[PDB]
Amino acid sequence: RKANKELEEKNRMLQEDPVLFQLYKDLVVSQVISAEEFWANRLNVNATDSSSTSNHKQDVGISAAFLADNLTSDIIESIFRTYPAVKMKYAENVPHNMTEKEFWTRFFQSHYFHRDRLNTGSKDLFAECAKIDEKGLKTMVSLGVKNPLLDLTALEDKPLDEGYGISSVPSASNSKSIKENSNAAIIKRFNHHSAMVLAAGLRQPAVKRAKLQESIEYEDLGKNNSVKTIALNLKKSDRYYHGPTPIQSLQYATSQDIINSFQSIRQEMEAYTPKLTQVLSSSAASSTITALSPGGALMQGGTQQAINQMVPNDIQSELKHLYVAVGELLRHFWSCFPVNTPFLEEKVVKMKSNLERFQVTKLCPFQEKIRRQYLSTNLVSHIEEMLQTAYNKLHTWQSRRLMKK
Amino acid sequence: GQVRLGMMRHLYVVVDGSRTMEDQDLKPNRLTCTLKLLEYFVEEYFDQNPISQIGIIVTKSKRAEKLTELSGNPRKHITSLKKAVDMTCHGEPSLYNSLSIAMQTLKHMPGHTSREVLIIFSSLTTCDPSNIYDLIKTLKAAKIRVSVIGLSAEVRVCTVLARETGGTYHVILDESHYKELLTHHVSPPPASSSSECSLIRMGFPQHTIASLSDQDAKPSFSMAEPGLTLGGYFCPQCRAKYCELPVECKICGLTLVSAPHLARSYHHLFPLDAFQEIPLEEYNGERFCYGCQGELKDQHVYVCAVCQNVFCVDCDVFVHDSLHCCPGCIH
Amino acid sequence: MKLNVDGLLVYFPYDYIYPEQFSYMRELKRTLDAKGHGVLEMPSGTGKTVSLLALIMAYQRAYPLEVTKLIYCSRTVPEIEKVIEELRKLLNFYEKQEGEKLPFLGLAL
Amino acid sequence: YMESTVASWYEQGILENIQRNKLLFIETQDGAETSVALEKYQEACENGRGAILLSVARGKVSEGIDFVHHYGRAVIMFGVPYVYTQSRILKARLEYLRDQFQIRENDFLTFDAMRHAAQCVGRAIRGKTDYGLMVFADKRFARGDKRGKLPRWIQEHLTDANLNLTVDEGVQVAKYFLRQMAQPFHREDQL
Amino acid sequence: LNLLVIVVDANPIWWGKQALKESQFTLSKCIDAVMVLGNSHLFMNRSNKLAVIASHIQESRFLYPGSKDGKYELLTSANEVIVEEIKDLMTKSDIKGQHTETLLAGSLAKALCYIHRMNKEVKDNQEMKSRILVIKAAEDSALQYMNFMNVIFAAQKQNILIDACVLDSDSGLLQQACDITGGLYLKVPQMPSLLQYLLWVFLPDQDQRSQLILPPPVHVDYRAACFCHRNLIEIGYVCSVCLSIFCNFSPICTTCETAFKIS
Ligand SMILES: [Zn+2]
Ligand SMILES: [Zn+2]
Ligand SMILES: [Zn+2]
Ligand SMILES: [Zn+2]
């Protein structure tokens with residue numbers, strides 16, 4: 001059982017697959033495989049179902065604001081990633097002047113889920129933060145990342161040297177009323193939300209110049225299509241012409257013999273239409289029918305399939321469980337064998353492999369005392385042969401380690 | 001076949017889970033049409049090379065789901081494609097999630113074996129949890145080739161991903177055009193200089209029967225819904241019964257390939273001689289086409305590079321498609 | 001590619017030949033032959049500065065005395081920078097075609 | 001008009017559908033916000049997500065910046081550019097032009113609007129080997145008074161079948177054109 | 001509508017030795033058996049079509065391309081054209097030291113393309129089943145193996161079954177061709193009685209063959225010998241660059257002449 005946690009992980013793997021559970025039970029009785037080792041094999045996979053996550057790249061807060069209905073809906077998780085400040089405020093309020101249940105009461109409170117104030121829905125507060133932070137990024141903050149260019153005022157020469165020229169209304173602050181002013185605020189929220197969606201995903205002349213560098217030149221001009229695909233040249237085409245299967249017939253004769261055979265075949269072909277071959281054909285047919293018919297001699301028919309047992313399908317299922325358990329053990333022994341590195345640690349790993357192989361052979365002997373004695377079948381001999389092959393490789397490794405010593 | 005080709009190819013197929021596949025831009029719904037063409041492509045890919053294997057992953061709602069495990073059997077992939085038609089296929093697929101899992105699976109596979117990923121997108125818009133550009137840099141570091149096929153759309157991001165990994169971007173202008181792209185995918189691409197090339201040990205398992213009428217036969221069961229396996233191929237390294245001859249032994253890690261399968265891939269090593277086509281008879285040596293021993297019914301002459309034997313259009317098309325040899329040269 | 005105006009050979013860095021470009025060059029040459037301002041409509045897809053500079057430079061090489069100086073005016077400062085960069089690329093191709101050293105003076109204000 | 005149209009679109013179930021198809025990057029009166037919207041529009045195209053930017057043809061900012069072909073595959077013109085708040089200065093100039101020369105006041109107004117509109121329309125094409133779509137949503141273009149003011153090279157590309165297209169028919173023709181240009185062009189084909 | 005194509009490997013030297021032996025079976029008897037089988041195939045279904053091809057040592061000739069005795073006119077005409085073709089090819093032969101054995105692969109390649117042109121001629125709405133019958137008396141050639149393998153793959157791609165009967169000795173190339181195609185492989189002990197064997201198994205249509213009981217095709221072993229020293233190995237290293245079997249690992253691969261990369 002090792003660690004109570006390792007044992008629970010092994011139990012979960014056994015629960016997932018019925019065939020695996022039977023193999024695990026046989027190994028536990030044998031003691032060939034540790035519960036921790038079984039848990040490690042179960043946890044020997046790639047990543048998770050969603051691996052990293054499933055965050056959106058557009059309209060993350062505008063996916064289903066107060067329309068889908070903490071860590072409940074994936075929508076609200078994407079919204080938390082989209083606005084870090086809103087997520088931080090929610091986390092701080094969780095035990096301070098508010099609870100999670102209280103936050104849910106606020107979520108469905110009137111003027112929010114009911115959309116009776118600030119229109120929108122559950123992204124109303126998010127949009128308020130967006131507009132405010134966009135105005136702050138246009139006043140207090142600016143373009144933090146600004147190199148040779150990558151800016152706005154610096155990108156367009158120097159801001160707007162419009163030192164009282166003729167055009168200025170454009171940004172007419174003194175004139176913003178309510179309807180048009182509200183629409184301008186909505187544009188600010190959308191622009192900030194797009195930046196926030198980019199922020200959720202990852203936890204200008206300079207851009208144009210980089211694109212120009214990518215466009216300049218070609219991959220073919222650099223090298224070719226797939227980098228530098230090396231040419232393939234074969235010194236001997238003759239070796240391929242020769243067949244791996246052994247030559248069935250290989251015989252020759254003298255040139256004079258070839259002339260004699262040609263003369264006889266020329267005479268034989270000219271003779272034709274014997275007609276009276278019926279007597280020979282009738283005698284030949286009588287011999288052929290007996291061989292061609294399934295009854296009688298000269299017929300190729302085997303497939304005895306005489307499995308005298310109680311329930312053969314159940315016996316086959318028991319063998320499959322034994323094969324799965326033995327195969328997993330053989331895979332572990334082969335991994336240890338691959339890393340030879342003849343040393344003291346390698347000898348310890350080889351001793352562990354031997355112990356597990358011997359315990360698997362004891363399990364095969366117990367299986368022989370089961371359905372190979374009661375039902376007189378379960379041919380565990382093949383499973384024993386696979387274990388013997390692993391033992392033979394272990395014996396070869398021991399010989400190599402002795403030669404190294 | 002002058003360029004180096006990968007004898008073992010772990011091609012990976014990614015199918016879009018977007019609602020756009022459900023929308024019928026073509027006369028049939030795109031998801032069903034693409035899956036049917038993929039089924040033909042999977043069968044052709046396995047037929048062209050038995051050693052090469054395919055793995056299918058479908059991303060739905062930005063979550064990666066493995067439609068089929070990488071395997072040498074085409075039928076299992078075809079069954080998974082039928083299941084994909086059954087699936088809702090609703091919500092934007094995640095390019096990042098599928099690529100990350102596929103790349104991790106490829107990392108386990110040996111560097112010398114060619115590792116490739118094929119992606120089909122029905123929507124120009126791409127939605128993923130993590131930035132696509134960061135993943136493309138990771139793919140460049142890994143020994144993986146990525147080819148992206150857009151459906152009736154051209155995407156700069158997909159082209160950039162393909163060029164960086166050495167893959168070729170493709171556009172599905174027509175269903176027939178998509179079949180041609182799949183035929184190009186079935187053919188092995190030239191091996192990159194970065195890709196490792198090394199001799200690989202091969203185990204050849206001769207089939208073992210039940211000796212003489214079950215003479216002390218080693219009756220088995222399922223050693224990678226079976227019965228009593230008395231007559232089966234044995235892995236040479238571990239002497240274990242195996243149901244299918246072209247299956248890599250899981251415990252040994254040693255690929256098992258039959259001699260006829262190697263003979264099939266011999267044609268790939270040497271390119272077929274091109275046949276020059278002239279509408280004019282041009283004093284043709286033989287009125288009868290050499291291949292079918294019959295006079296041409298149309299004014300087309302095919303001339304081989306060396307033998308220069310006459311070939312009719314039907315013979316020329318068949319020779320490239322299946323024969324993979326010049327009949328006049330064989331004589 | 002070299003283009004003959006019958007007074008000089010015009011060298012194109014792109015080396016791309018178009019029927020519209022050939023028709024434009026003939027019409028522009030007629031405008032160049034007869035002094036008197038004039039308005040010419042050129043398609044947006046072709047670069048205005050690259051096409052105009054190549055013919056003007058060839059005419060200036062053929063007839064240096066006629067034009068003491070060349071002045072280019074652009075509405076925006078980035079366009080002024082683009083004209084100078086395109087002129088520099090055109091000069092480099094001209095330098096490869098002619099003598100190894102081909103000094104030219106270009107100013108952006 | 002653009003702000004008013006957006007407000008009407010938000011009330012109807014149209015703007016939300018447009019947002020799903022493409023990220024919205026409406027231009028703003030503030031210069032810094034307009035530059036941020038343009039940069040965000042470029043970033044979405046690099047990402048491959050659909051990006052839509054709403055801009056004013058009359059505004060000088062649109063004239064100053066030409067959209068890159070990758071950033072803006074298709075350019076759409078709605079209506080004919082006009083100034084609602086235009087002062088008496090333009091009207092006085094039109095009368096002065098009539099007295100000094102021989103220019104029709106209506107013809108000058110149509111020509112002035114068209115030269116700005118044509119410049120905005122012709123930003124999709126930056127190179128000979130490029131694919132671009134130009135769409136006009138105004139009936140006057142169909143009448144042809146606007147078409148005559150438009151440059152001759154654009155008129156040669158324009159077709160009677162293209163003129164007065166139905167909204168569904170125009171979108172279908174554009175989709176067919178994109179499928180035809182999806183396959184890569186070749187240098188020999190240009191020659 | 002079933003197409004049966006019969007390809008016979010004819011070696012003048014081997015057939016001449018049979019004539020010198022003076023055994024009752026003769027090359028003439030073998031062709032007579034093929035013609036009787038062909039008449040029966042046409043007789044059972046008018047739609048069914050018969051094509052007969054004979055392989056010479058250096059070339060392949062297609063034999064197939066009234067009721068005087070009351071025999072069906074079409075059967076009589078088909079037999080007459082075959083009789084003229086077979087006699088002309090057999091009477092005159094050219095002795096070559098390089099190629100004393102007839103090329104079955106060349107004849108098979110011609111047959112497969114001929115079936116392909118005929119299939120194109122056949123209307124798409126009507127369905128045609130294509131099967132090949134091969135009779136081989138010539139010895140197998142190691143050089144012909146590369147050409148032979150490609151023709152088997154062409155038959156597999158075109159889904160044409162190949163059925164082969166061997167008069168004297170089973171051929172490894174021929175048995176492998178039947179195994180890949182899935183066509184039945186049979187060995188005939190008595191050469192004079194070959195016609196009776198053809199009628200029982202080869203003559204019936206694929207639907208008829210399932211209904212009747214026919215002897216199972218012989219299992220084909222798979223043998224891998226390295227071409228380096230022509231020696232069979234249970235395990236052979238295969239070079240990635242040239243796909244060539246090696247009895248033992250080689251630092252430098254002779255077949256492609258490239259040097260294996262060593263870490
Ligand atoms: Zn093994
Ligand atoms: Zn032919
Ligand atoms: Zn040839
Ligand atoms: Zn090699």
# chains A, B, ... in the order shown; residues from 1 in each chain; ligands from 1
>>> interface_residues(of="chain B", to="chain E", cutoff="6 Å", atoms="only C-alpha atoms", output="ChimeraX atom specification")
/B:198-204,206,259,291-292,314-315,322-323,330-331
>>> residues_around(residues="residue 327 in chain A", least_positions_apart="6", cutoff="10 Å", atoms="only C-alpha atoms", output="PyMOL selection string")
(chain A and resi 321+333+383+386-387) or (chain B and resi 223-224+240+250-251)
>>> write_last_selection(atoms="N, CA and C atoms", output="PDB file, in the first residue's frame")
ATOM      1  N   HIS A 321      -6.194 -11.278 -18.390  1.00  0.00           N
ATOM      2  CA  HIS A 321      -5.818 -10.498 -17.180  1.00  0.00           C
ATOM      3  C   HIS A 321      -4.391 -10.861 -16.754  1.00  0.00           C
ATOM      4  N   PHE A 333      10.797  -4.448 -16.571  1.00  0.00           N
ATOM      5  CA  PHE A 333      12.114  -5.138 -16.601  1.00  0.00           C
ATOM      6  C   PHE A 333      12.903  -4.667 -17.826  1.00  0.00           C
ATOM      7  N   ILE A 383       2.594 -17.840 -20.928  1.00  0.00           N
ATOM      8  CA  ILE A 383       2.894 -16.717 -19.990  1.00  0.00           C
ATOM      9  C   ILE A 383       4.229 -17.022 -19.304  1.00  0.00           C
ATOM     10  N   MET A 386       7.136 -16.259 -21.627  1.00  0.00           N
ATOM     11  CA  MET A 386       7.438 -14.802 -21.683  1.00  0.00           C
ATOM     12  C   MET A 386       8.267 -14.408 -20.456  1.00  0.00           C
ATOM     13  N   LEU A 387       7.899 -14.915 -19.276  1.00  0.00           N
ATOM     14  CA  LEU A 387       8.670 -14.630 -18.035  1.00  0.00           C
ATOM     15  C   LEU A 387      10.077 -15.224 -18.166  1.00  0.00           C
TER      16      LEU A 387
ATOM     17  N   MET B 223      -2.042 -11.019 -25.850  1.00  0.00           N
ATOM     18  CA  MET B 223      -0.741 -10.458 -25.423  1.00  0.00           C
ATOM     19  C   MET B 223      -0.329  -9.342 -26.388  1.00  0.00           C
ATOM     20  N   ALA B 224      -1.244  -8.409 -26.675  1.00  0.00           N
ATOM     21  CA  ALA B 224      -0.961  -7.299 -27.621  1.00  0.00           C
ATOM     22  C   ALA B 224      -0.315  -7.855 -28.895  1.00  0.00           C
ATOM     23  N   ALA B 240       6.931 -13.185 -27.438  1.00  0.00           N
ATOM     24  CA  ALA B 240       5.528 -13.000 -26.999  1.00  0.00           C
ATOM     25  C   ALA B 240       4.598 -12.988 -28.218  1.00  0.00           C
ATOM     26  N   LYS B 250       5.323  -3.333 -27.692  1.00  0.00           N
ATOM     27  CA  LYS B 250       5.196  -2.236 -26.696  1.00  0.00           C
ATOM     28  C   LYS B 250       6.284  -2.347 -25.622  1.00  0.00           C
ATOM     29  N   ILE B 251       6.493  -3.546 -25.070  1.00  0.00           N
ATOM     30  CA  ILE B 251       7.470  -3.696 -23.947  1.00  0.00           C
ATOM     31  C   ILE B 251       8.907  -3.483 -24.441  1.00  0.00           C
TER      32      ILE B 251
END
>>> residues_around(residues="range 4-15 of chain C", least_positions_apart="6", cutoff="7 Å", atoms="only C-alpha atoms", output="list in words")
residues 54, 55, 58, 59, 62, 90, 93 and 94 of chain C
>>> write_last_selection(atoms="N, CA and C atoms", output="compact mmCIF listing (two decimals), in the first residue's frame")
# COMPACT_ATOMS: atom_id res chain seq x y z
N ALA C 54 11.98 57.07 -61.23
CA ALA C 54 12.82 56.35 -62.22
C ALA C 54 12.82 57.08 -63.57
N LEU C 55 11.64 57.48 -64.06
CA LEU C 55 11.57 58.21 -65.36
C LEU C 55 12.23 59.59 -65.22
N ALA C 58 16.04 59.28 -65.27
CA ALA C 58 16.52 58.96 -66.63
C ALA C 58 16.49 60.23 -67.50
N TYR C 59 15.39 60.99 -67.41
CA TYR C 59 15.28 62.25 -68.20
C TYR C 59 16.35 63.25 -67.73
N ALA C 62 19.67 62.24 -69.13
CA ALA C 62 19.67 62.60 -70.57
C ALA C 62 19.80 64.12 -70.74
N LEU C 90 16.66 52.95 -55.51
CA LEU C 90 16.75 53.14 -56.98
C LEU C 90 18.19 53.50 -57.34
N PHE C 93 20.48 50.36 -57.31
CA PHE C 93 20.33 49.56 -58.55
C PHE C 93 21.02 50.27 -59.71
N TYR C 94 20.88 51.59 -59.79
CA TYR C 94 21.53 52.38 -60.86
C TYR C 94 23.05 52.25 -60.73
>>> closest_residue(among="B:100, B:293, B:237, B:222", to="ligand 1", atoms="only C-alpha atoms and all ligand atoms")
B:237
>>> atom_distance(atom1="atom 1 (Zn, counted along the ligand's line) of ligand 3", atom2="CA of residue 187 in chain B")
23.1 Å
>>> residues_near_ligand(ligand="ligand 1", cutoff="10 Å", atoms="only C-alpha atoms and all ligand atoms", output="compact mmCIF listing (two decimals) with N, CA, C and O atoms, in the first residue's frame")
# COMPACT_ATOMS: atom_id res chain seq x y z
N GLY A 327 2.69 -8.60 -18.74
CA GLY A 327 3.23 -7.68 -19.76
C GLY A 327 3.70 -6.37 -19.14
O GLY A 327 4.76 -5.88 -19.55
N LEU A 330 6.94 -7.09 -17.52
CA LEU A 330 8.00 -7.29 -18.54
C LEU A 330 8.45 -5.92 -19.06
O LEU A 330 9.66 -5.73 -19.24
N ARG A 331 7.50 -5.01 -19.25
CA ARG A 331 7.83 -3.64 -19.75
C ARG A 331 8.75 -2.96 -18.73
O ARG A 331 9.73 -2.32 -19.16
N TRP A 334 12.23 -4.53 -18.97
CA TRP A 334 12.90 -4.09 -20.22
C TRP A 334 13.44 -2.67 -20.07
O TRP A 334 14.55 -2.41 -20.59
N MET A 386 7.14 -16.26 -21.63
CA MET A 386 7.44 -14.80 -21.68
C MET A 386 8.27 -14.41 -20.46
O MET A 386 9.24 -13.65 -20.62
N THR A 389 11.80 -15.66 -20.89
CA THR A 389 12.58 -14.81 -21.83
C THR A 389 13.13 -13.59 -21.08
O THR A 389 14.31 -13.25 -21.32
N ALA A 390 12.32 -12.98 -20.21
CA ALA A 390 12.81 -11.84 -19.39
C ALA A 390 13.93 -12.34 -18.47
O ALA A 390 14.93 -11.61 -18.31
N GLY B 203 13.15 -6.06 -36.04
CA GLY B 203 12.92 -7.47 -35.69
C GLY B 203 11.94 -8.10 -36.66
O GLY B 203 10.84 -7.53 -36.84
N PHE B 234 5.39 -14.24 -33.31
CA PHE B 234 6.07 -14.07 -32.00
C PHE B 234 7.06 -12.92 -32.09
O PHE B 234 7.90 -12.94 -33.01
N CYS B 235 7.01 -11.97 -31.15
CA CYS B 235 8.04 -10.90 -31.15
C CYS B 235 9.39 -11.58 -30.94
O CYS B 235 9.51 -12.37 -29.99
N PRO B 236 10.42 -11.34 -31.78
CA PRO B 236 11.69 -12.06 -31.65
C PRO B 236 12.39 -11.75 -30.32
O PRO B 236 12.90 -12.67 -29.70
N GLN B 237 12.39 -10.48 -29.90
CA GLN B 237 13.13 -10.07 -28.68
C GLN B 237 12.54 -10.71 -27.41
O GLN B 237 13.35 -11.20 -26.59
N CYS B 238 11.21 -10.73 -27.24
CA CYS B 238 10.64 -11.24 -25.96
C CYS B 238 9.82 -12.52 -26.16
O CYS B 238 9.20 -12.95 -25.16
N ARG B 239 9.79 -13.09 -27.36
CA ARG B 239 9.08 -14.38 -27.60
C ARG B 239 7.62 -14.28 -27.13
O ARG B 239 7.16 -15.24 -26.47
N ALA B 240 6.93 -13.18 -27.44
CA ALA B 240 5.53 -13.00 -27.00
C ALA B 240 4.60 -12.99 -28.22
O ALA B 240 4.93 -12.31 -29.20
N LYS B 241 3.48 -13.71 -28.15
CA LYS B 241 2.54 -13.81 -29.29
C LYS B 241 1.98 -12.41 -29.60
O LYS B 241 1.59 -11.71 -28.65
N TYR B 242 1.94 -12.03 -30.89
CA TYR B 242 1.39 -10.72 -31.30
C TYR B 242 0.30 -10.93 -32.36
O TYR B 242 0.54 -11.69 -33.31
N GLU B 248 4.63 -2.50 -33.57
CA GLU B 248 5.85 -2.35 -32.73
C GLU B 248 5.60 -3.06 -31.40
O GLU B 248 4.51 -2.87 -30.83
N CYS B 249 6.58 -3.83 -30.90
CA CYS B 249 6.40 -4.47 -29.58
C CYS B 249 6.38 -3.38 -28.51
O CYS B 249 7.33 -2.58 -28.47
N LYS B 250 5.32 -3.33 -27.69
CA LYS B 250 5.20 -2.24 -26.70
C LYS B 250 6.28 -2.35 -25.62
O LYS B 250 6.92 -1.32 -25.32
N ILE B 251 6.49 -3.55 -25.07
CA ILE B 251 7.47 -3.70 -23.95
C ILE B 251 8.91 -3.48 -24.44
O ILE B 251 9.66 -2.75 -23.76
N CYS B 252 9.28 -4.09 -25.57
CA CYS B 252 10.65 -3.97 -26.13
C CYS B 252 10.90 -2.56 -26.69
O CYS B 252 12.03 -2.06 -26.52
N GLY B 253 9.89 -1.97 -27.33
CA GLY B 253 10.11 -0.67 -28.01
C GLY B 253 10.74 -0.89 -29.37
O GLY B 253 11.20 0.10 -29.97
N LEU B 254 10.75 -2.14 -29.85
CA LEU B 254 11.38 -2.47 -31.15
C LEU B 254 10.28 -2.62 -32.21
O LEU B 254 9.37 -3.45 -32.00
N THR B 255 10.37 -1.86 -33.31
CA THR B 255 9.37 -1.95 -34.40
C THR B 255 9.51 -3.29 -35.13
O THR B 255 10.66 -3.72 -35.34
N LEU B 256 8.39 -3.93 -35.49
CA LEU B 256 8.44 -5.19 -36.26
C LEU B 256 7.85 -4.94 -37.65
O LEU B 256 6.67 -4.56 -37.72
>>> decode(residues="range 298-319 of chain B", atoms="N, CA and C atoms", output="mmCIF file, in the first residue's frame")
data_model
loop_
_atom_site.group_PDB
_atom_site.id
_atom_site.type_symbol
_atom_site.label_atom_id
_atom_site.label_comp_id
_atom_site.auth_asym_id
_atom_site.auth_seq_id
_atom_site.Cartn_x
_atom_site.Cartn_y
_atom_site.Cartn_z
ATOM 1 N N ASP B 298 -6.434 7.179 -79.357
ATOM 2 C CA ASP B 298 -6.331 8.664 -79.310
ATOM 3 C C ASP B 298 -4.920 9.053 -79.753
ATOM 4 N N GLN B 299 -4.736 10.282 -80.243
ATOM 5 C CA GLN B 299 -3.403 10.695 -80.756
ATOM 6 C C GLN B 299 -2.529 11.156 -79.587
ATOM 7 N N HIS B 300 -2.140 10.234 -78.702
ATOM 8 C CA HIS B 300 -1.208 10.582 -77.595
ATOM 9 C C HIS B 300 -0.083 9.541 -77.556
ATOM 10 N N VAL B 301 1.170 9.997 -77.536
ATOM 11 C CA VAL B 301 2.331 9.059 -77.487
ATOM 12 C C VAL B 301 3.108 9.330 -76.196
ATOM 13 N N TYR B 302 3.384 8.287 -75.408
ATOM 14 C CA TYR B 302 4.209 8.473 -74.185
ATOM 15 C C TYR B 302 5.580 7.833 -74.412
ATOM 16 N N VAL B 303 6.652 8.611 -74.234
ATOM 17 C CA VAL B 303 8.024 8.096 -74.518
ATOM 18 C C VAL B 303 8.793 7.986 -73.199
ATOM 19 N N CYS B 304 9.287 6.789 -72.875
ATOM 20 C CA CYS B 304 10.089 6.590 -71.637
ATOM 21 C C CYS B 304 11.477 7.209 -71.819
ATOM 22 N N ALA B 305 12.138 7.576 -70.718
ATOM 23 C CA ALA B 305 13.476 8.204 -70.794
ATOM 24 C C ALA B 305 14.498 7.243 -71.418
ATOM 25 N N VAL B 306 14.457 5.952 -71.064
ATOM 26 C CA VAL B 306 15.512 5.014 -71.561
ATOM 27 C C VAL B 306 14.968 4.110 -72.677
ATOM 28 N N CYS B 307 14.020 3.221 -72.362
ATOM 29 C CA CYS B 307 13.507 2.253 -73.373
ATOM 30 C C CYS B 307 12.778 2.990 -74.503
ATOM 31 N N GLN B 308 12.045 4.063 -74.179
ATOM 32 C CA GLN B 308 11.289 4.856 -75.190
ATOM 33 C C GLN B 308 10.181 4.001 -75.815
ATOM 34 N N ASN B 309 9.650 3.027 -75.066
ATOM 35 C CA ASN B 309 8.522 2.194 -75.569
ATOM 36 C C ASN B 309 7.239 3.032 -75.594
ATOM 37 N N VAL B 310 6.345 2.764 -76.548
ATOM 38 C CA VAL B 310 5.087 3.561 -76.687
ATOM 39 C C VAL B 310 4.141 3.231 -75.529
ATOM 40 N N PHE B 311 3.531 4.249 -74.913
ATOM 41 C CA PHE B 311 2.527 3.998 -73.845
ATOM 42 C C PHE B 311 1.248 4.784 -74.156
ATOM 43 N N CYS B 312 0.083 4.144 -74.033
ATOM 44 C CA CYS B 312 -1.207 4.867 -74.225
ATOM 45 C C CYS B 312 -1.524 5.648 -72.947
ATOM 46 N N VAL B 313 -2.485 6.574 -73.006
ATOM 47 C CA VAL B 313 -2.778 7.435 -71.820
ATOM 48 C C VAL B 313 -3.207 6.540 -70.653
ATOM 49 N N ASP B 314 -4.038 5.528 -70.919
ATOM 50 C CA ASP B 314 -4.551 4.661 -69.824
ATOM 51 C C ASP B 314 -3.374 3.936 -69.165
ATOM 52 N N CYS B 315 -2.450 3.405 -69.972
ATOM 53 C CA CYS B 315 -1.276 2.678 -69.425
ATOM 54 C C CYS B 315 -0.408 3.642 -68.607
ATOM 55 N N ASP B 316 -0.180 4.855 -69.119
ATOM 56 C CA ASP B 316 0.705 5.822 -68.418
ATOM 57 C C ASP B 316 0.091 6.181 -67.059
ATOM 58 N N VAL B 317 -1.218 6.452 -67.031
ATOM 59 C CA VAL B 317 -1.883 6.860 -65.760
ATOM 60 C C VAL B 317 -1.791 5.694 -64.774
ATOM 61 N N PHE B 318 -2.067 4.475 -65.246
ATOM 62 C CA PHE B 318 -2.022 3.283 -64.361
ATOM 63 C C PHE B 318 -0.594 3.038 -63.866
ATOM 64 N N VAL B 319 0.402 3.197 -64.743
ATOM 65 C CA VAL B 319 1.804 2.857 -64.355
ATOM 66 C C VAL B 319 2.243 3.747 -63.189
#
